[PDB]
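Heads up: the structure comes next, in structure tokens.
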Amino acid sequence: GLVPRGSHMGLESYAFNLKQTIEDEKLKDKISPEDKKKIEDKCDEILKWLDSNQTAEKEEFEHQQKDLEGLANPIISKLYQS
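Residue numbers for the sequence shown follow my numbering, beginning at 20 and rising by one.
The following block contains the structure:
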């Protein structure tokens, strides 16, 4: 073990959604295009990895997650200034 699919969809999904969110007309403008790029770049990256991999041993699949969590959460925290 060696990640099973669930987790694989889970990351793809997170990654995917951060993206949607960042480019959602209703939010698009409340996020500095620096942070916007940073998110787009980590997301795009991870998705590519996920794509090449759909399994690779977890003890690091996590690295790839936490890497992106580390970016997003702080950014999108500030973002929920609705």
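The beta-carbon is built from N, C-alpha and C at its ideal position, and this holds for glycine as well.
{"Item": "Does the pairing of the segment 81-100 with the segment 22-36 give three or more beta-carbon distances under 8 angstroms?", "Value": "yes"}
{"Item": "Can you tell me where the alpha helix (DSSP H) holding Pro-93 begins and where it ends?", "Value": "77-98"}
{"Item": "Check the C-beta distance from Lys-49 over to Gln-100 and give it rounded, since I have them as a contact under 8 angstroms.", "Value": "7 angstroms"}
{"Item": "Do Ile-94 and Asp-54 have their C-beta atoms within less than 7 angstroms of each other?", "Value": "yes"}
{"Item": "What did DSSP end up calling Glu-42 once you bin it into helix, strand or coil?", "Value": "coil"}
{"Item": "Among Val-22, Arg-24 and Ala-34, which has the Cα closest to the Cα of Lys-67?", "Value": "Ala-34"}
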